[PDB]
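Structure file model-v4.cif (mmCIF, C-alpha atoms and all ligand atoms) is printed below.
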data_work
#
loop_
_atom_site.label_atom_id
_atom_site.label_comp_id
_atom_site.auth_asym_id
_atom_site.auth_seq_id
_atom_site.Cartn_x
_atom_site.Cartn_y
_atom_site.Cartn_z
CA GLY A 161 -49.29 -27.49 3.58
CA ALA A 162 -47.58 -25.79 0.65
CA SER A 163 -49.54 -22.55 1.15
CA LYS A 164 -46.80 -20.71 3.05
CA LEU A 165 -43.96 -22.14 0.96
CA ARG A 166 -45.50 -21.08 -2.35
CA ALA A 167 -46.04 -17.52 -1.10
CA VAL A 168 -42.37 -17.40 -0.12
CA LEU A 169 -41.46 -18.62 -3.60
CA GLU A 170 -43.84 -16.06 -5.10
CA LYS A 171 -42.22 -13.27 -3.07
CA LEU A 172 -38.79 -14.51 -4.19
CA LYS A 173 -39.86 -14.69 -7.84
CA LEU A 174 -40.77 -10.98 -7.73
CA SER A 175 -37.25 -9.73 -6.96
CA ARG A 176 -35.81 -11.61 -9.97
CA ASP A 177 -36.39 -8.61 -12.25
CA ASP A 178 -34.31 -6.47 -9.89
CA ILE A 179 -31.27 -8.59 -10.79
CA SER A 180 -31.57 -7.51 -14.44
CA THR A 181 -30.64 -3.93 -13.54
CA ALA A 182 -27.80 -4.85 -11.17
CA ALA A 183 -26.30 -7.58 -13.37
CA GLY A 184 -25.79 -5.09 -16.19
CA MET A 185 -23.51 -3.08 -13.92
CA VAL A 186 -21.53 -6.27 -13.24
CA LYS A 187 -21.05 -7.09 -16.94
CA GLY A 188 -19.46 -3.72 -17.71
CA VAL A 189 -17.01 -4.11 -14.84
CA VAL A 190 -15.90 -7.65 -15.70
CA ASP A 191 -15.78 -6.92 -19.45
CA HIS A 192 -13.25 -4.17 -18.69
CA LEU A 193 -11.33 -6.50 -16.35
CA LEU A 194 -11.15 -9.36 -18.88
CA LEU A 195 -9.57 -7.19 -21.58
CA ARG A 196 -6.94 -5.77 -19.21
CA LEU A 197 -6.00 -9.24 -17.96
CA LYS A 198 -5.97 -10.89 -21.40
CA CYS A 199 -3.06 -8.67 -22.52
CA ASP A 200 -0.91 -9.65 -19.51
CA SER A 201 1.83 -12.25 -19.92
CA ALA A 202 0.33 -14.56 -17.27
CA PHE A 203 -3.40 -14.05 -17.93
CA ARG A 204 -3.51 -14.31 -21.74
CA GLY A 205 -5.95 -17.23 -21.57
CA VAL A 206 -8.31 -15.70 -19.03
CA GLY A 207 -12.05 -15.54 -19.53
CA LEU A 208 -15.41 -16.17 -17.96
CA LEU A 209 -16.34 -19.72 -17.04
CA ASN A 210 -19.55 -19.29 -19.05
CA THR A 211 -19.22 -16.93 -22.01
CA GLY A 212 -22.53 -15.09 -21.52
CA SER A 213 -23.69 -16.06 -18.02
CA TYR A 214 -21.35 -13.63 -16.22
CA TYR A 215 -22.40 -14.64 -12.69
CA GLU A 216 -23.94 -17.01 -10.15
CA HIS A 217 -26.34 -15.67 -7.53
CA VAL A 218 -25.50 -17.19 -4.15
CA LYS A 219 -27.80 -14.82 -2.24
CA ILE A 220 -31.27 -15.97 -3.27
CA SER A 221 -32.70 -13.26 -0.97
CA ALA A 222 -30.42 -10.27 -1.69
CA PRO A 223 -30.23 -9.48 -5.43
CA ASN A 224 -27.14 -7.30 -4.88
CA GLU A 225 -24.58 -10.06 -4.12
CA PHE A 226 -23.05 -11.80 -7.15
CA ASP A 227 -20.39 -14.50 -7.50
CA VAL A 228 -18.23 -14.46 -10.64
CA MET A 229 -15.60 -16.97 -11.78
CA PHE A 230 -12.73 -16.39 -14.21
CA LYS A 231 -10.99 -19.37 -15.80
CA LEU A 232 -7.44 -19.96 -17.01
CA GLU A 233 -6.59 -23.06 -19.04
CA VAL A 234 -3.53 -24.84 -17.65
CA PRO A 235 -2.47 -27.50 -20.19
CA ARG A 236 -0.14 -30.41 -19.45
CA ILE A 237 -0.99 -29.96 -15.77
CA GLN A 238 0.36 -32.35 -13.12
CA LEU A 239 -1.36 -32.62 -9.74
CA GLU A 240 -0.09 -34.09 -6.46
CA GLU A 241 -2.68 -34.93 -3.81
CA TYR A 242 -1.81 -33.15 -0.55
CA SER A 243 -1.66 -35.63 2.34
CA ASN A 244 -4.69 -37.71 1.26
CA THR A 245 -7.23 -34.90 1.70
CA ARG A 246 -8.71 -35.96 -1.68
CA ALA A 247 -9.71 -32.36 -2.45
CA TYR A 248 -6.54 -30.23 -2.15
CA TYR A 249 -3.71 -30.55 -4.66
CA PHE A 250 -0.39 -29.06 -5.69
CA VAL A 251 -0.13 -27.82 -9.28
CA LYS A 252 3.16 -28.61 -11.01
CA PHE A 253 4.34 -28.62 -14.61
CA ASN A 260 4.80 -21.29 -19.86
CA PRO A 261 2.88 -18.12 -19.01
CA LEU A 262 2.53 -19.18 -15.36
CA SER A 263 6.23 -19.87 -14.68
CA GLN A 264 6.46 -16.49 -12.92
CA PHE A 265 4.43 -17.98 -10.03
CA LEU A 266 6.50 -21.17 -9.67
CA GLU A 267 8.01 -21.87 -6.25
CA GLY A 268 10.27 -24.47 -7.81
CA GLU A 269 8.07 -27.34 -9.00
CA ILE A 270 4.71 -26.22 -7.59
CA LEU A 271 2.46 -23.34 -8.63
CA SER A 272 2.03 -20.64 -5.98
CA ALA A 273 -1.60 -19.65 -5.46
CA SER A 274 -0.97 -16.49 -3.41
CA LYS A 275 1.65 -15.24 -5.88
CA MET A 276 -0.86 -15.66 -8.71
CA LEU A 277 -3.56 -14.02 -6.58
CA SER A 278 -1.21 -11.09 -5.90
CA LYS A 279 -0.76 -10.06 -9.54
CA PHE A 280 -4.42 -10.87 -10.25
CA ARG A 281 -5.54 -8.65 -7.37
CA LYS A 282 -2.97 -6.04 -8.44
CA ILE A 283 -4.16 -5.78 -12.06
CA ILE A 284 -7.79 -5.55 -10.93
CA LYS A 285 -6.93 -2.97 -8.28
CA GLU A 286 -5.20 -0.81 -10.90
CA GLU A 287 -8.04 -1.09 -13.46
CA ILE A 288 -10.83 -0.55 -10.89
CA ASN A 289 -9.42 2.90 -10.17
CA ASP A 290 -8.34 3.50 -13.78
CA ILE A 291 -11.68 3.72 -15.59
CA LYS A 292 -13.98 4.43 -12.59
CA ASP A 293 -16.72 5.93 -14.75
CA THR A 294 -18.95 4.05 -12.31
CA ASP A 295 -17.98 3.71 -8.66
CA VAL A 296 -16.30 0.38 -7.92
CA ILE A 297 -14.76 -0.20 -4.49
CA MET A 298 -12.27 -2.95 -3.65
CA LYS A 299 -12.55 -4.82 -0.34
CA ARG A 300 -9.44 -6.56 1.03
CA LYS A 301 -9.81 -9.26 3.68
CA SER A 305 -10.03 -14.46 1.57
CA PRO A 306 -9.10 -15.64 -1.98
CA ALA A 307 -11.98 -13.87 -3.72
CA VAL A 308 -11.37 -10.37 -5.06
CA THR A 309 -14.50 -8.70 -3.65
CA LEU A 310 -15.63 -5.56 -5.47
CA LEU A 311 -18.60 -3.34 -4.62
CA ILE A 312 -20.41 -1.53 -7.44
CA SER A 313 -22.13 1.71 -6.39
CA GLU A 314 -23.36 1.30 -2.78
CA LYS A 315 -25.40 -1.92 -3.01
CA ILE A 316 -24.00 -4.42 -5.49
CA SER A 317 -21.17 -6.68 -4.33
CA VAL A 318 -19.38 -9.10 -6.68
CA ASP A 319 -17.12 -11.98 -5.66
CA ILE A 320 -14.53 -12.70 -8.35
CA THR A 321 -12.81 -16.09 -8.08
CA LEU A 322 -9.85 -17.19 -10.21
CA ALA A 323 -9.83 -20.83 -11.29
CA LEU A 324 -7.44 -23.11 -13.16
CA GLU A 325 -9.05 -25.18 -15.92
CA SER A 326 -7.99 -28.73 -16.80
CA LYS A 327 -9.53 -30.61 -19.73
CA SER A 328 -8.08 -33.97 -18.64
CA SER A 329 -9.78 -36.79 -16.74
CA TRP A 330 -11.16 -35.97 -13.32
CA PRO A 331 -8.78 -36.88 -10.46
CA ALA A 332 -9.14 -40.31 -8.92
CA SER A 333 -10.84 -38.99 -5.77
CA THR A 334 -13.98 -38.35 -7.85
CA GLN A 335 -14.21 -41.97 -9.04
CA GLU A 336 -17.26 -42.78 -6.89
CA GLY A 337 -18.62 -39.22 -6.79
CA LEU A 338 -21.47 -37.80 -8.88
CA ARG A 339 -23.62 -40.83 -8.05
CA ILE A 340 -26.37 -39.92 -10.53
CA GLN A 341 -26.62 -43.27 -12.36
CA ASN A 342 -29.98 -44.29 -10.88
CA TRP A 343 -31.40 -40.76 -11.32
CA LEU A 344 -30.01 -39.06 -14.44
CA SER A 345 -28.59 -42.31 -15.99
CA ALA A 346 -25.08 -43.65 -16.54
CA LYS A 347 -25.01 -42.11 -20.02
CA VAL A 348 -25.39 -38.63 -18.53
CA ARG A 349 -22.78 -39.25 -15.82
CA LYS A 350 -20.33 -40.36 -18.52
CA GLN A 351 -21.03 -37.24 -20.61
CA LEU A 352 -20.65 -34.89 -17.63
CA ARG A 353 -17.32 -36.45 -16.60
CA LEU A 354 -15.96 -35.64 -20.07
CA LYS A 355 -16.27 -31.94 -19.19
CA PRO A 356 -13.26 -30.14 -17.63
CA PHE A 357 -12.63 -29.63 -13.92
CA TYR A 358 -11.33 -26.64 -12.01
CA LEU A 359 -8.91 -25.80 -9.20
CA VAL A 360 -9.38 -22.81 -6.90
CA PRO A 361 -7.15 -21.28 -4.19
CA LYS A 362 -7.57 -22.82 -0.74
CA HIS A 363 -7.79 -19.54 1.24
CA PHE A 370 -3.95 -25.57 7.64
CA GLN A 371 -1.86 -23.40 5.31
CA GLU A 372 -0.23 -24.61 2.09
CA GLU A 373 0.00 -23.62 -1.57
CA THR A 374 -2.72 -26.10 -2.49
CA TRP A 375 -5.77 -25.87 -4.73
CA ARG A 376 -9.26 -27.27 -4.12
CA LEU A 377 -11.07 -29.26 -6.79
CA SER A 378 -14.14 -27.40 -8.02
CA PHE A 379 -17.16 -28.71 -9.95
CA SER A 380 -19.55 -25.77 -9.53
CA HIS A 381 -20.04 -25.48 -13.31
CA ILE A 382 -21.82 -28.85 -13.19
CA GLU A 383 -24.70 -27.41 -11.14
CA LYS A 384 -26.27 -25.47 -14.02
CA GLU A 385 -26.07 -28.57 -16.23
CA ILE A 386 -28.14 -30.59 -13.76
CA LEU A 387 -30.57 -27.90 -12.55
CA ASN A 388 -31.64 -27.25 -16.16
CA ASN A 389 -32.07 -31.00 -16.87
CA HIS A 390 -33.05 -32.54 -13.56
CA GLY A 391 -35.73 -35.23 -13.91
CA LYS A 392 -35.52 -38.94 -14.54
CA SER A 393 -38.00 -38.17 -17.31
CA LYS A 394 -36.44 -36.11 -20.09
CA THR A 395 -39.64 -34.01 -20.31
CA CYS A 396 -39.69 -33.08 -16.61
CA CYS A 397 -41.10 -29.56 -16.13
CA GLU A 398 -41.75 -29.23 -19.87
CA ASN A 399 -45.51 -29.73 -19.49
CA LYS A 400 -48.01 -29.24 -16.68
CA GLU A 401 -48.53 -33.01 -16.35
CA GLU A 402 -44.98 -33.64 -15.01
CA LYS A 403 -44.15 -30.42 -13.14
CA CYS A 404 -41.89 -31.23 -10.17
CA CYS A 405 -40.69 -29.22 -7.17
CA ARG A 406 -36.96 -30.04 -7.14
CA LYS A 407 -35.85 -26.48 -7.91
CA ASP A 408 -38.35 -24.99 -5.45
CA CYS A 409 -37.02 -27.21 -2.65
CA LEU A 410 -33.46 -26.07 -3.36
CA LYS A 411 -34.57 -22.42 -3.33
CA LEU A 412 -36.32 -22.89 0.02
CA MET A 413 -33.27 -24.66 1.46
CA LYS A 414 -30.96 -21.82 0.38
CA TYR A 415 -33.39 -19.17 1.63
CA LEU A 416 -33.75 -20.89 5.02
CA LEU A 417 -30.00 -20.70 5.66
CA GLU A 418 -29.78 -17.11 4.37
CA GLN A 419 -32.52 -16.03 6.79
CA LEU A 420 -30.88 -18.00 9.61
CA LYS A 421 -27.49 -16.48 8.77
CA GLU A 422 -29.10 -13.02 8.64
CA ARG A 423 -30.96 -13.49 11.94
CA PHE A 424 -27.74 -14.33 13.82
CA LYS A 425 -25.27 -12.11 11.95
CA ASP A 426 -24.21 -10.53 15.26
CA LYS A 427 -22.80 -13.91 16.36
CA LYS A 428 -20.21 -16.19 14.76
CA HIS A 429 -21.99 -19.55 15.04
CA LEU A 430 -23.27 -19.78 11.44
CA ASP A 431 -20.36 -18.09 9.65
CA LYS A 432 -18.94 -21.34 8.21
CA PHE A 433 -22.15 -22.52 6.52
CA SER A 434 -22.95 -21.48 2.95
CA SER A 435 -25.40 -22.34 0.20
CA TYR A 436 -22.78 -24.88 -0.91
CA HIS A 437 -23.58 -27.18 2.01
CA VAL A 438 -27.31 -26.70 1.38
CA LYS A 439 -26.76 -27.48 -2.31
CA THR A 440 -24.69 -30.57 -1.50
CA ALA A 441 -27.24 -32.08 0.88
CA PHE A 442 -30.04 -31.37 -1.61
CA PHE A 443 -28.33 -33.27 -4.42
CA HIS A 444 -27.67 -36.14 -2.03
CA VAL A 445 -31.44 -36.18 -1.46
CA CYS A 446 -31.89 -36.18 -5.24
CA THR A 447 -29.74 -39.31 -5.38
CA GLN A 448 -31.84 -40.74 -2.53
CA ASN A 449 -35.13 -39.92 -4.34
CA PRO A 450 -34.51 -40.51 -8.07
CA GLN A 451 -38.11 -40.78 -9.31
CA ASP A 452 -40.03 -37.72 -10.48
CA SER A 453 -43.06 -38.98 -8.57
CA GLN A 454 -41.05 -38.42 -5.37
CA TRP A 455 -40.92 -34.70 -6.26
CA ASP A 456 -44.51 -33.99 -7.28
CA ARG A 457 -45.48 -30.32 -7.05
CA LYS A 458 -48.53 -31.14 -4.89
CA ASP A 459 -46.13 -32.53 -2.24
CA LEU A 460 -43.96 -29.40 -1.97
CA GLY A 461 -44.34 -29.26 1.81
CA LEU A 462 -43.52 -32.96 2.16
CA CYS A 463 -40.55 -32.90 -0.23
CA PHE A 464 -39.15 -29.79 1.46
CA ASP A 465 -39.32 -31.70 4.76
CA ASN A 466 -37.31 -34.58 3.29
CA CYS A 467 -34.56 -32.07 2.47
CA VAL A 468 -34.74 -30.47 5.93
CA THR A 469 -34.64 -33.90 7.61
CA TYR A 470 -31.60 -35.06 5.63
CA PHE A 471 -29.69 -31.83 6.32
CA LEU A 472 -30.34 -32.19 10.06
CA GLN A 473 -29.25 -35.83 9.93
CA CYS A 474 -26.06 -34.52 8.32
CA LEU A 475 -25.69 -31.85 11.02
CA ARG A 476 -26.17 -34.29 13.90
CA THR A 477 -23.99 -37.03 12.39
CA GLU A 478 -21.28 -34.48 11.43
CA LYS A 479 -21.27 -35.94 7.90
CA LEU A 480 -21.92 -34.18 4.58
CA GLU A 481 -19.96 -35.76 1.74
CA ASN A 482 -18.67 -33.64 -1.10
CA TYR A 483 -21.01 -34.62 -3.93
CA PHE A 484 -18.07 -35.23 -6.27
CA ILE A 485 -15.49 -36.42 -3.72
CA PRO A 486 -17.22 -38.87 -1.33
CA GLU A 487 -14.13 -39.04 0.94
CA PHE A 488 -14.18 -35.28 1.71
CA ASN A 489 -16.50 -34.58 4.64
CA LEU A 490 -17.73 -30.99 4.45
CA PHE A 491 -19.03 -31.34 8.03
CA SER A 492 -15.80 -32.66 9.57
CA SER A 493 -14.62 -31.30 12.91
CA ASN A 494 -11.56 -29.88 11.16
CA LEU A 495 -13.86 -27.71 9.06
CA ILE A 496 -16.81 -26.94 11.37
CA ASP A 497 -16.85 -27.50 15.13
CA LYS A 498 -19.55 -29.42 17.00
CA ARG A 499 -21.05 -26.41 18.80
CA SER A 500 -21.59 -24.67 15.45
CA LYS A 501 -23.41 -27.69 13.99
CA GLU A 502 -25.47 -28.12 17.17
CA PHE A 503 -26.40 -24.42 17.04
CA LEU A 504 -27.69 -24.79 13.49
CA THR A 505 -29.45 -28.04 14.40
CA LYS A 506 -31.42 -26.31 17.16
CA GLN A 507 -32.43 -23.34 14.99
CA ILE A 508 -33.69 -25.48 12.10
CA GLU A 509 -35.48 -27.95 14.39
CA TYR A 510 -37.14 -24.97 16.08
CA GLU A 511 -38.13 -23.49 12.70
CA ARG A 512 -39.35 -26.89 11.48
CA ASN A 513 -41.55 -27.37 14.55
CA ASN A 514 -42.90 -23.81 14.18
CA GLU A 515 -43.78 -23.84 10.44
CA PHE A 516 -40.73 -21.65 9.67
CA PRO A 517 -41.30 -18.10 10.99
CA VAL A 518 -38.25 -16.92 9.02
CA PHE A 519 -40.36 -17.35 5.88
CA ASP A 520 -43.23 -14.96 6.65
CA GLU A 521 -40.70 -12.15 7.27
CA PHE A 522 -37.39 -10.96 5.81
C1 LIG B 1 -24.76 -31.84 -8.88
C2 LIG B 1 -23.88 -30.77 -8.29
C3 LIG B 1 -23.14 -29.93 -9.10
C4 LIG B 1 -22.33 -28.94 -8.57
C5 LIG B 1 -22.23 -28.77 -7.19
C6 LIG B 1 -21.35 -27.70 -6.65
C7 LIG B 1 -19.98 -27.89 -6.53
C8 LIG B 1 -19.15 -26.89 -6.01
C9 LIG B 1 -17.69 -27.16 -5.91
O1 LIG B 1 -16.90 -26.31 -5.53
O2 LIG B 1 -17.34 -28.36 -6.26
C10 LIG B 1 -19.69 -25.66 -5.60
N1 LIG B 1 -19.12 -24.51 -5.06
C11 LIG B 1 -20.14 -23.68 -4.88
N2 LIG B 1 -20.00 -22.46 -4.37
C12 LIG B 1 -21.15 -21.58 -4.18
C13 LIG B 1 -20.88 -20.46 -3.21
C14 LIG B 1 -20.13 -19.35 -3.58
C15 LIG B 1 -19.88 -18.33 -2.69
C16 LIG B 1 -20.38 -18.39 -1.41
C17 LIG B 1 -21.13 -19.48 -1.02
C18 LIG B 1 -21.38 -20.51 -1.92
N3 LIG B 1 -21.32 -24.22 -5.26
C19 LIG B 1 -21.07 -25.49 -5.72
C20 LIG B 1 -21.90 -26.48 -6.24
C21 LIG B 1 -22.98 -29.62 -6.38
CL1 LIG B 1 -22.91 -29.47 -4.66
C22 LIG B 1 -23.79 -30.61 -6.91
ZN ZN B 2 -38.75 -31.15 -12.78
#
Could you render the structure from this file as structure tokens?
Amino acid sequence: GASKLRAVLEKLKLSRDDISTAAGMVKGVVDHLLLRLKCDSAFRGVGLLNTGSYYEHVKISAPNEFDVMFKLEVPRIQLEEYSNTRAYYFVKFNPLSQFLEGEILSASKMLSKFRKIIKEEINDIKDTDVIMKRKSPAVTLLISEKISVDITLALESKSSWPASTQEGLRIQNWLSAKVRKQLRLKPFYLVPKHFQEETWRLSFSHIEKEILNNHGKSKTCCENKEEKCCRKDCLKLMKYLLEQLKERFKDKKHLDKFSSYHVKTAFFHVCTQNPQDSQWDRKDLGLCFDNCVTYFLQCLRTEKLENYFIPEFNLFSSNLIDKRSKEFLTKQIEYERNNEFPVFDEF
């Protein structure tokens, strides 16, 4: 029954208008940061990933936790795959020559000046209270007492996607081969890794908005009441389930390695698995949500969740997340699934 799930989604939809007040605080902070960085020798080509978006909201339950990405175009960029990990690379070749450790581009040396300039500007204006938190790659600010913003620096490359993505983004049977070709013409991004190296991880997070806003096999999906689907609602419930489970056990360390990214990745694998819009009918919200929960548990038990763009990078590998952590999450979700999800009728 979709009765409980809709009420959860209705409760979630209410706190959306709280974001409008908090986001405005975030814009003023990052508008001041972008102008201070743009007149630095290394960060002349800095800017937001999306010119007006200004954020991404990882916490679908807490409207006070934002995630912001700054971009920096690195032209004539040469990448070396680090030990066949398929996702971590060295950047070698200039405004960025001050961070060169010989041939390769140092991530922590670029993060040092980036964190330094922000640290100096955060205190400089301080017409509104912004507090810097140091702890790994993200420069985490806190506006007033509630709002927290994660600022991530990313390198932008407008060349072809690296070979490891050749069989990724398997959307041909769902969104068509024409759309996959158009998406792969868009740039790709590299973010600091933070074992240990001066390597960068391939990032394709900017592709999520492109697909979430155009998500059906039918081009008119969710444009009229006759073909309203529940794809977005299922993703929201999947993200909220993990956030509640991570909140419920915040005094332990078992669920610290799982994020909405894993929940996103498994969901889009389900979208590949179920390409027809009829498989996502709104009347079947409870059933479709179960398909997502089932697949994610199958991933947890099998210790396998492929990067959606890099099929050879296992997000659930033992190097990344240990077996006891994945078994702990498996038990909690299976318990919630058997019990009609008690984490949903509370907060
Ligand atoms: C079709 C498609 C399109 C895009 C994506 C996608 C790719 C990446 C990536 O890094 O490649 C990525 N990262 C993130 N971070 C979110 C986060 C930030 C802070 C804390 C916790 C989570 N969300 C992402 C989504 C996927 Cl899974 C499917
Ligand atoms: Zn739809």
Just the residues within 12 Å of stretch 241-248 of chain A, please, counting only C-alpha atoms, with nothing from its chain fewer than 5 positions along; format it as a PyMOL selection string.
chain A and resi 270+330-335+337+358-363+370-379+481-490+492+494
Please list as a list in words every residue within 12 Å of residue A:506, counting all atoms listed in the file and excluding residues in the same chain fewer than 4 positions away.
residues 420, 429, 430, 472, 475, 476, 499, 500, 501, 502, 510, 511, 512 and 513 of chain A
Smallest atom-to-atom distance to residue A:322: which of A:412, A:417, A:297, A:209, using only C-alpha atoms?
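Distance minimum relative to residue A:322 lands on A:209.
The binding environment of ligand ZN 2 (chain B), defined as every protein, DNA or RNA residue with an atom no more than 8 Å away and counting only C-alpha atoms and all ligand atoms, comprises residues 389, 390, 391, 396, 397, 398, 402, 403, 404, 405, 406, 407, 452 and 455 of chain A.
Distances to residue A:240 were evaluated for A:271, A:221, A:261, A:167 using all atoms listed in the file, and the minimum falls at A:271.
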Residues at most 7 Å from ligand LIG 1 (chain B), using only C-alpha atoms and all ligand atoms? Could they come as an MDAnalysis selection string?
chainID A and resid 218 227 338 377:383 386 434:436 439:440 443 482:484
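Of note, atom CA of residue A:265 and atom CA of residue A:307 are spaced 18.1 Å apart.
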Find the distance between atom CA of residue A:164 and atom CA of residue A:516 and write it in Å to one decimal.
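Spanning atom CA of residue A:164 to atom CA of residue A:516 is a straight-line distance of 9.0 Å.
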Taking into account all atoms listed in the file, which residue in the set A:233, A:465, A:319, A:418 is nearest to residue A:515?
A:465
For the atom pair atom CA of residue A:321 and atom CA of residue A:239, what is the interatomic distance in Å to one decimal place?
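Interatomic distance, atom CA of residue A:321 to atom CA of residue A:239: 20.2 Å.
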Go through A:203, A:442, A:470, A:424 and flag the residue nearest residue A:263, using all atoms listed in the file for the distances.
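Of A:203, A:442, A:470, A:424, the one nearest residue A:263, counting all atoms listed in the file, is A:203.
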Which protein, DNA or RNA residues have an atom at most 12 Å from (-49.7, -30.5, -2.2), counting all atoms listed in the file? List them as a short mmCIF file (atom, residue, chain, number, x, y, z; two decimals) with C-alpha atoms, keeping the file's coordinate frame.
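Contents of part_9.cif, freshly written:
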data_model
loop_
_atom_site.label_atom_id
_atom_site.label_comp_id
_atom_site.auth_asym_id
_atom_site.auth_seq_id
_atom_site.Cartn_x
_atom_site.Cartn_y
_atom_site.Cartn_z
CA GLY A 161 -49.29 -27.49 3.58
CA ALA A 162 -47.58 -25.79 0.65
CA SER A 163 -49.54 -22.55 1.15
CA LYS A 164 -46.80 -20.71 3.05
CA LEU A 165 -43.96 -22.14 0.96
CA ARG A 166 -45.50 -21.08 -2.35
CA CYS A 404 -41.89 -31.23 -10.17
CA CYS A 405 -40.69 -29.22 -7.17
CA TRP A 455 -40.92 -34.70 -6.26
CA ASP A 456 -44.51 -33.99 -7.28
CA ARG A 457 -45.48 -30.32 -7.05
CA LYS A 458 -48.53 -31.14 -4.89
CA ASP A 459 -46.13 -32.53 -2.24
CA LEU A 460 -43.96 -29.40 -1.97
CA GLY A 461 -44.34 -29.26 1.81
CA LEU A 462 -43.52 -32.96 2.16
CA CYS A 463 -40.55 -32.90 -0.23
CA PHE A 464 -39.15 -29.79 1.46
#
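Distances from A:168, A:468, A:219, A:210 to residue A:518 were compared using only C-alpha atoms, and the smallest one belongs to A:168.
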Nearby residues (all atoms listed in the file) at most 12 Å from residue A:195, same-chain spacing under 6 positions excluded, as a PyMOL selection string:
chain A and resi 188-189+203-208+283-284+287
Between A:193, A:410, A:185, A:441, smallest distance to residue A:291 by all atoms listed in the file belongs to A:193
Could I see stretch 470-482 of chain A restored to N, CA, C and O atoms, set down as a compact mmCIF listing (two decimals), in the coordinates of the input?
# COMPACT_ATOMS: atom_id res chain seq x y z
N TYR A 470 -32.92 -34.56 6.01
CA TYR A 470 -31.60 -35.06 5.63
C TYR A 470 -30.49 -34.11 6.08
O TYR A 470 -29.44 -34.55 6.54
N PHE A 471 -30.72 -32.80 5.93
CA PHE A 471 -29.69 -31.83 6.32
C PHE A 471 -29.44 -31.86 7.82
O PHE A 471 -28.30 -31.70 8.27
N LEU A 472 -30.50 -32.06 8.62
CA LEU A 472 -30.34 -32.19 10.06
C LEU A 472 -29.63 -33.49 10.42
O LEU A 472 -28.78 -33.50 11.31
N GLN A 473 -29.98 -34.58 9.74
CA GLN A 473 -29.25 -35.83 9.93
C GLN A 473 -27.77 -35.66 9.63
O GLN A 473 -26.92 -36.25 10.30
N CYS A 474 -27.45 -34.86 8.61
CA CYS A 474 -26.06 -34.52 8.32
C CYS A 474 -25.45 -33.69 9.45
O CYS A 474 -24.31 -33.93 9.87
N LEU A 475 -26.20 -32.70 9.95
CA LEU A 475 -25.69 -31.85 11.02
C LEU A 475 -25.41 -32.65 12.28
O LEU A 475 -24.37 -32.48 12.92
N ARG A 476 -26.35 -33.52 12.67
CA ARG A 476 -26.17 -34.29 13.90
C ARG A 476 -25.07 -35.34 13.76
O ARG A 476 -24.29 -35.55 14.69
N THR A 477 -25.01 -36.00 12.61
CA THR A 477 -23.99 -37.03 12.39
C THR A 477 -22.64 -36.45 12.00
O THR A 477 -21.68 -37.22 11.88
N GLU A 478 -22.54 -35.13 11.82
CA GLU A 478 -21.28 -34.48 11.43
C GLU A 478 -20.75 -35.07 10.13
O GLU A 478 -19.55 -35.33 9.98
N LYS A 479 -21.64 -35.30 9.16
CA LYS A 479 -21.27 -35.94 7.90
C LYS A 479 -22.07 -35.33 6.76
O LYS A 479 -23.29 -35.47 6.70
N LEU A 480 -21.36 -34.65 5.85
CA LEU A 480 -21.92 -34.18 4.58
C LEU A 480 -20.84 -34.37 3.53
O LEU A 480 -19.90 -33.57 3.44
N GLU A 481 -20.96 -35.44 2.74
CA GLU A 481 -19.96 -35.76 1.74
C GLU A 481 -19.97 -34.73 0.62
O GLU A 481 -21.03 -34.28 0.18
N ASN A 482 -18.78 -34.36 0.16
CA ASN A 482 -18.67 -33.64 -1.10
C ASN A 482 -19.32 -34.48 -2.19
O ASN A 482 -19.03 -35.68 -2.32
